[PDB]
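I have placed the structure first, in the form of structure tokens, so that the comments after it can refer back to it.
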Amino acid sequence: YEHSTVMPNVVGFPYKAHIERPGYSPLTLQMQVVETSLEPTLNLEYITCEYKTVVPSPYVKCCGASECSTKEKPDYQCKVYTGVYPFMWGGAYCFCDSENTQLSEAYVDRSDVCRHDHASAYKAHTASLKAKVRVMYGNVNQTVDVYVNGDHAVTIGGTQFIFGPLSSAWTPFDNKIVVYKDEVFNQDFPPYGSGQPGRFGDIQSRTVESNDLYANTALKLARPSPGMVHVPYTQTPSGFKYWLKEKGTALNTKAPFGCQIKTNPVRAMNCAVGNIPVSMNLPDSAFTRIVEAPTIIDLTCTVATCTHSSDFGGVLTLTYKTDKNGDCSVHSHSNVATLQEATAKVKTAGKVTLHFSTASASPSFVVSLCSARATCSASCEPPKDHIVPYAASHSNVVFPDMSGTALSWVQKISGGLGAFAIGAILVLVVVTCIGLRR
Amino acid sequence: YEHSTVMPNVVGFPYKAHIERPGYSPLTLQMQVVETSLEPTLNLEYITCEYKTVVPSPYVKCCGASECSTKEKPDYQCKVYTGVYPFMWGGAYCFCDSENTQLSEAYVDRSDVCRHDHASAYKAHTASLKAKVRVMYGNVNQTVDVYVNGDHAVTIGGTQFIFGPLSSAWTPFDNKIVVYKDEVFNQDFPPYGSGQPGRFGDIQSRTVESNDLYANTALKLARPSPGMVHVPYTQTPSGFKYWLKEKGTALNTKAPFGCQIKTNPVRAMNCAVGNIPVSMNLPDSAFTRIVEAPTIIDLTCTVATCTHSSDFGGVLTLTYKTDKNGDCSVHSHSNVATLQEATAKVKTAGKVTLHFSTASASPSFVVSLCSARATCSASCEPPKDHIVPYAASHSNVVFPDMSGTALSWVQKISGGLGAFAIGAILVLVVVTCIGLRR
Amino acid sequence: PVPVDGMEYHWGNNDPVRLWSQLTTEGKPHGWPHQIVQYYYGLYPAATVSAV
Amino acid sequence: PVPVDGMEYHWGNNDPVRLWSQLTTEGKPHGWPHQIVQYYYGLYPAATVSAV
Ligand SMILES: *[C@@H]1O[C@H](CO)[C@@H](O[C@@H]2O[C@H](CO)[C@@H](O[C@@H]3O[C@H](CO)[C@@H](O)[C@H](O)[C@@H]3O)[C@H](O)[C@H]2NC(C)=O)[C@H](O)[C@H]1NC(C)=O
Ligand SMILES: *[C@@H]1O[C@H](CO)[C@@H](O[C@@H]2O[C@H](CO)[C@@H](O[C@@H]3O[C@H](CO)[C@@H](O)[C@H](O)[C@@H]3O)[C@H](O)[C@H]2NC(C)=O)[C@H](O)[C@H]1NC(C)=O
Ligand SMILES: *[C@@H]1O[C@H](CO)[C@@H](O[C@@H]2O[C@H](CO)[C@@H](O[C@@H]3O[C@H](CO)[C@@H](O)[C@H](O)[C@@H]3O)[C@H](O)[C@H]2NC(C)=O)[C@H](O)[C@H]1NC(C)=O
Ligand SMILES: *[C@@H]1O[C@H](CO)[C@@H](O[C@@H]2O[C@H](CO)[C@@H](O[C@@H]3O[C@H](CO)[C@@H](O)[C@H](O)[C@@H]3O)[C@H](O)[C@H]2NC(C)=O)[C@H](O)[C@H]1NC(C)=O
């Protein structure tokens, strides 16, 4: 038997489904979304880590001239200085008075801890959801992992379930992403090969292991002081090290809809939005003979106490007459009220009790027990506690019923004015008919 | 100095760009897209391979009974038959004549070579384009490989190039793909966990090494024939094997725009669509000062022969007068004609020749040498060869110029008709003016 | 502020804590008409005036 | 058929080969007006008639 339904994507919300086979007693099955996950699809752009500067020892060559040679190294700087007259601990070497020369050389390279400590830059798109749902009905109770897209069917006790594509297509990750340890940042980084000194991306490499490297940090050499051997240089501080201090904010403390962020893999969890269609295919052993199910006649509903709080704060009593004892699959056909349980043991005493939660001062809903029906309405009073730590267990609908006190009152006033207008129109019509008949 | 232009995405088309700085003689750059590759992003859904059936030896419990035990194997089947009296070569054992039991057991499993012979079911989206391009100007050759999107800048001898995003977003891959060896198919595959026997996806596994499995082949065991030991079973043939011969067509021999598919990784190479915007940043070393550039005066253009064929089939003669001998940059400022060479060796004799390709009956275009300009117009006869084995080298512009023979005739006829109409209007106006002044 | 949707605060190294607000107010529903306006004023104090 | 875009064929076990058509016709361009129409009718014989 095929069936379909829709289910809100709110964690812990005990959604219920009611199925009515014409030859069989109705069934109520309970579904709940224990956990979700929103995997974005990533393609690495590059990696950034703090650089390291190597300076080889100066070549101070005496009594002659020397020439510099270019090399294929990331951000290489080499220069030749004349007239140098160095000194050492014992004395001054380079016997020639002023025909000396110094070769200063310097270049940059990725630091040795870069494999352990670095920040990645991704482009994120096309999120895919996945979830785990607990289902239960009759004597079956299971927790299953399902992809929330229209092509993963999972079997639970002979029943086939398919969870359709999500209602909306909202994702928290921007087009460009920067990941560091266990935090994700909605940022935009400079293009590879065009980094700038002093900011994020002063050095860039396509992958942690890639041999090439593009570094641009303005390494500038200056001539050494008279009588010293020290190779002085000026070179802008680390861009990655600046960014680690001035990144600002995060996503873990800024994402909407109150959904956590986690890394490895990048994912956003428990992120409540939208509706999930469900398609179901059930066997014929799940239901029961209507003959074997008890029959219910003269069904009446009375509400004892109502209080629209977040917890299950209203109590119903159903009175009836039965022929044989058994189990009934109770359900409420409206979302104004949400019931607690899905089965009741019907006994010859003809008195059963149920708990529910609502959010309107005057709710009115039709509740069904096995095959019977009843229409039940209640009056509810506000709750006192201002703040509580558990989520709402009702569907959050507030519009009152037409039979409620406020709407009955407005009905009476509108009826008075309407009858007044009708009387006025009748008087005018009679008078004008007499005038025309004259 | 910055600059921007657009170039067609055709492999082997010799694009020539003109740079005209106010304080220097012009440059001409040349570009050729020697190769492209359009790689989609893939998500593995499942892997299919031919199944294999395990049939354990039967258990014959004689002078007793046995009961069926259930297990958890894919498509597991187990049954018990009663009344068997099996025979062996030495004779008939199981002395008990009638009350015997035979237990039949079977299930399915992935093949031994599923690791080397399998078909992958992918889902593809959000393609990324990669290019390899030859750039040449002044005196530098070189080919670089660039990601074609606004975020990869490559430096080619002191010049920076950025290839912006592609104009059109057409990708030959549909939303679902099946990859087998070296062929790609645009196929809709069944959802995971709902494969039907006898077609593609009769057995389904999440990844080649994952231990779980989902199988539908509908094994049915049968009562063994009297006096024998065989465990007879029946099963629908292999879905993957059937798909192998009934797959039909491919994409390799079907893709539009004439680009060839390759696998590992899956990509589509060398197909023409749209334009690549390219942005440049050149240093001052590339240009030449106008005082060094020779000055060209009184430049005029003539055509010797013109045949609008795919190859370079028109010979152009430029005559001029100069003061010193040197080199100039030659360009044609219209896409109705394309020049073969970008630099010319200018002498004092006052004659140069160039080669151009066109596709219009009466081309008209403005050609420039160093700082001068002139206009060329010609008459081109169609070629004689019906078929050529090389791609066209013109921009494929057909509409003739307005001064050509055809539009000359149109202009003459329209001028005659307009003269007649204006004369009639003047006569009528004069007559009506006389009538009004009467 | 803790609107009806709720909010989480994360203090030091403790786990973040989430708090939700209930639909409470100060009027009297199911009473006199001038008290019902108070009750539906406490909730949504921006469309009640317009509707009245 | 081999239009002005071109086609490739794959015969047996060789490598595929490409062929491109070329702008050829049977009229005489740059002659009389009753011949230029033939020249431009050999090419694109669906808009020339409409234009004339
Ligand atoms: C021991 O000390 C003496 C110092 O006199 C060193 O003699 C030096 O030898 C070099 C050889 O290349 C001379 O350099 C040349 O000088 C000429 C003149 O300027 C110049 O044109 C060449 O291009 C080259 O630079 C240097 O002048 C000379 N010193 C003098 C003459 O005072 C000698 O090399 C030392 N022995 C060693 C280091 O083994
Ligand atoms: C359907 O089956 C699931 C599990 O298969 C049942 O989950 C059960 O949930 C209860 C409470 O939600 C767990 O009891 C808890 O035990 C801990 C032990 O320290 C205790 O601290 C808690 O206060 C609570 O008593 C129970 O272990 C868990 N069953 C498991 C894990 O097997 C679920 O209750 C079933 N549905 C129904 C309607 O019973
Ligand atoms: C050696 O051969 C003798 C030949 O009879 C086997 O005796 C047979 O044993 C089986 C198993 O105990 C008996 O089956 C029983 O039948 C009764 C109904 O009569 C039923 O109530 C029991 O539940 C059981 O199924 C069978 O009757 C008996 N043969 C005769 C003639 O009574 C003996 O088992 C063989 N031993 C070995 C080790 O093979
Ligand atoms: C820039 O570099 C490329 C590649 O280094 C140059 O293309 C090369 O040009 C030479 C001759 O111009 C080619 O050699 C000849 O090629 C023909 C092709 O049919 C072959 O049959 C001959 O036996 C001979 O090998 C060479 O193959 C060609 N290379 C490539 C990859 O096309 C290009 O000429 C350089 N730029 C300039 C302005 O020359």
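Naming works like this for the structure tokens: A, B, ... for the chains as they're shown, residue 1 at the start of each chain, ligands 1 onward in shown order.
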
Around ligand 2, out to 8 Å and counting only C-alpha atoms and all ligand atoms, which residues are there? I want them as a PyMOL selection string. chain A and resi 136+141-143

Using only C-alpha atoms, determine which residues lie at most 8 Å from residue 8 of chain D, disregarding the query and same-chain residues fewer than 2 positions distant; provide the list as a list in words.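 Residues near the query, excluding close chain neighbours: residues 6, 10, 16, 17, 18 and 19 of chain D.
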
Residues just named, written with N, CA and C atoms as a short mmCIF file (atom, residue, chain, number, x, y, z; two decimals), in the first residue's frame:
data_model
loop_
_atom_site.label_atom_id
_atom_site.label_comp_id
_atom_site.auth_asym_id
_atom_site.auth_seq_id
_atom_site.Cartn_x
_atom_site.Cartn_y
_atom_site.Cartn_z
N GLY D 6 31.73 21.15 -40.22
CA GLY D 6 32.63 20.03 -40.36
C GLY D 6 32.12 18.79 -39.65
N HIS D 10 35.06 7.87 -37.92
CA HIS D 10 35.88 6.92 -37.18
C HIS D 10 35.66 5.58 -37.86
N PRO D 16 40.18 8.98 -35.50
CA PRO D 16 39.14 9.74 -36.19
C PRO D 16 39.72 10.85 -37.04
N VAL D 17 39.03 11.15 -38.14
CA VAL D 17 39.49 12.13 -39.12
C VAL D 17 38.40 13.16 -39.33
N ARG D 18 38.80 14.42 -39.49
CA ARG D 18 37.86 15.53 -39.60
C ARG D 18 37.92 16.13 -41.00
N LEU D 19 36.78 16.62 -41.47
CA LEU D 19 36.66 17.26 -42.77
C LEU D 19 35.78 18.50 -42.65
#

Shell around residue 288 of chain B at 9 Å using only C-alpha atoms, local window under 4 positions removed, as an NGL selection string: :B and (24-27 or 284 or 292-293)

Surrounding residues as a list in words, ligand 3, max 9 Å, only C-alpha atoms and all ligand atoms: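 Using only C-alpha atoms and all ligand atoms, everything at most 9 Å from ligand 3 comes to residues 62, 63, 64, 65, 94, 95, 96, 97 and 99 of chain B.
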
Would you mind writing down, as a ChimeraX atom specification, each residue of chain C that DSSP on the backbone assigns to alpha helix (DSSP H)? /C:33-42,48-51

The selected residues should be written to file as a PDB file, in the first residue's frame (atoms: C-alpha atoms).
ATOM      1  CA  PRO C  33     -13.694  42.326  26.095  1.00  0.00           C
ATOM      2  CA  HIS C  34     -11.410  44.999  27.528  1.00  0.00           C
ATOM      3  CA  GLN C  35      -9.290  42.230  29.084  1.00  0.00           C
ATOM      4  CA  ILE C  36      -9.166  40.131  25.922  1.00  0.00           C
ATOM      5  CA  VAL C  37      -7.554  43.098  24.188  1.00  0.00           C
ATOM      6  CA  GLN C  38      -4.899  43.104  26.919  1.00  0.00           C
ATOM      7  CA  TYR C  39      -4.314  39.381  26.457  1.00  0.00           C
ATOM      8  CA  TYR C  40      -3.844  39.700  22.729  1.00  0.00           C
ATOM      9  CA  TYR C  41      -1.811  42.823  23.230  1.00  0.00           C
ATOM     10  CA  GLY C  42       0.820  41.104  25.339  1.00  0.00           C
ATOM     11  CA  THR C  48      -3.460  43.926  17.642  1.00  0.00           C
ATOM     12  CA  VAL C  49      -3.825  47.710  17.547  1.00  0.00           C
ATOM     13  CA  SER C  50      -4.147  47.711  13.767  1.00  0.00           C
ATOM     14  CA  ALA C  51      -6.794  44.978  13.844  1.00  0.00           C
TER      15      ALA C  51
END

Using Å and a single decimal, report how far atom CA of residue 88 of chain B sits from atom CA of residue 228 of chain B. 7.9 Å

Define the interface residues of chain A facing chain C as those within 8 Å, counting only C-alpha atoms, and report them as a PDB file with C-alpha atoms, in the first residue's frame.
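Contents of the output file result29.pdb:
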ATOM      1  CA  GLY A 258      21.139  28.072  15.344  1.00  0.00           C
ATOM      2  CA  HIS A 308      -0.877  26.506  26.497  1.00  0.00           C
ATOM      3  CA  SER A 309       2.678  25.916  27.652  1.00  0.00           C
ATOM      4  CA  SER A 310       5.574  24.389  25.759  1.00  0.00           C
ATOM      5  CA  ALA A 361      -6.387  30.040  23.833  1.00  0.00           C
ATOM      6  CA  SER A 379     -10.518  26.754  26.912  1.00  0.00           C
ATOM      7  CA  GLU A 381      -5.165  29.791  30.266  1.00  0.00           C
ATOM      8  CA  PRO A 382      -1.702  31.394  29.967  1.00  0.00           C
ATOM      9  CA  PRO A 383       1.381  29.970  31.695  1.00  0.00           C
ATOM     10  CA  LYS A 384       3.339  31.776  34.365  1.00  0.00           C
ATOM     11  CA  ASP A 385       6.974  30.791  33.833  1.00  0.00           C
ATOM     12  CA  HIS A 386       8.665  33.336  31.607  1.00  0.00           C
ATOM     13  CA  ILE A 387      11.536  31.186  30.304  1.00  0.00           C
ATOM     14  CA  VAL A 388      12.166  27.432  30.037  1.00  0.00           C
ATOM     15  CA  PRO A 389      15.061  25.401  28.541  1.00  0.00           C
ATOM     16  CA  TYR A 390      13.156  22.986  26.243  1.00  0.00           C
ATOM     17  CA  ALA A 391      11.943  23.655  22.721  1.00  0.00           C
ATOM     18  CA  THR A 405     -15.079  33.560  23.140  1.00  0.00           C
ATOM     19  CA  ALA A 406     -13.426  36.390  21.211  1.00  0.00           C
TER      20      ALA A 406
END

Two-atom distance - atom CA of residue 216 of chain A, atom CA of residue 75 of chain A (Å): 6.4 Å

Just the residues within 9 Å of residue 58 of chain A, please, counting only C-alpha atoms, with nothing from its chain fewer than 4 positions along; format it as a ChimeraX atom specification. /A:102-105,229-231

Just the residues within 9 Å of residue 279 of chain A, please, counting only C-alpha atoms, with nothing from its chain fewer than 4 positions along; format it as a PyMOL selection string. chain A and resi 2-6+160-164

Exercise answer, chain A residues close to chain B, 9 Å and only C-alpha atoms, as a ChimeraX atom specification: /A:41,43,125-126,150-155,190-194

Show me, as a list in words, the residues that have an atom within 10 Å of residue 132 of chain A when counting only C-alpha atoms, minus same-chain residues fewer than 2 positions from it. residues 32, 33, 34, 35, 36, 37, 130, 134, 135, 143, 144, 145, 146, 147 and 148 of chain A

Can you check which residues of chain D DSSP gives as strand (DSSP E or B) on the backbone and send them as a list in words?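 Selecting the strand (DSSP E or B) positions of chain D gives residues 7, 8, 9, 17, 18, 19, 20 and 21 of chain D.
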
Could you write those residues out with N, CA, C and O atoms, as an mmCIF file, in the first residue's frame?
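Okay, this is what ended up in part18.cif:
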data_model
loop_
_atom_site.group_PDB
_atom_site.id
_atom_site.type_symbol
_atom_site.label_atom_id
_atom_site.label_comp_id
_atom_site.auth_asym_id
_atom_site.auth_seq_id
_atom_site.Cartn_x
_atom_site.Cartn_y
_atom_site.Cartn_z
ATOM 1 N N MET D 7 32.752 17.666 -39.975
ATOM 2 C CA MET D 7 32.341 16.407 -39.372
ATOM 3 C C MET D 7 33.552 15.518 -39.183
ATOM 4 O O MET D 7 34.553 15.651 -39.886
ATOM 5 N N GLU D 8 33.442 14.586 -38.244
ATOM 6 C CA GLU D 8 34.502 13.616 -38.030
ATOM 7 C C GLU D 8 33.945 12.218 -38.210
ATOM 8 O O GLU D 8 32.786 11.947 -37.897
ATOM 9 N N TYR D 9 34.777 11.333 -38.746
ATOM 10 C CA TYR D 9 34.383 9.945 -38.903
ATOM 11 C C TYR D 9 35.479 9.046 -38.366
ATOM 12 O O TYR D 9 36.657 9.406 -38.349
ATOM 13 N N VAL D 17 39.031 11.150 -38.139
ATOM 14 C CA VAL D 17 39.487 12.126 -39.120
ATOM 15 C C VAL D 17 38.397 13.164 -39.325
ATOM 16 O O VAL D 17 37.210 12.828 -39.338
ATOM 17 N N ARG D 18 38.796 14.422 -39.492
ATOM 18 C CA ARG D 18 37.865 15.533 -39.605
ATOM 19 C C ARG D 18 37.917 16.132 -41.001
ATOM 20 O O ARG D 18 38.965 16.132 -41.643
ATOM 21 N N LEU D 19 36.775 16.618 -41.472
ATOM 22 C CA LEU D 19 36.663 17.262 -42.771
ATOM 23 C C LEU D 19 35.783 18.495 -42.647
ATOM 24 O O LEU D 19 34.758 18.466 -41.960
ATOM 25 N N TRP D 20 36.176 19.568 -43.319
ATOM 26 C CA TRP D 20 35.455 20.828 -43.276
ATOM 27 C C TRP D 20 35.054 21.219 -44.683
ATOM 28 O O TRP D 20 35.854 21.105 -45.611
ATOM 29 N N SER D 21 33.823 21.681 -44.848
ATOM 30 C CA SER D 21 33.410 22.149 -46.158
ATOM 31 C C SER D 21 33.903 23.569 -46.385
ATOM 32 O O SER D 21 34.364 24.249 -45.468
#

Just how far from atom CA of residue 319 of chain B is atom CA of residue 353 of chain B, in Å to one decimal?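 Distance reported for this atom pair: 8.9 Å.
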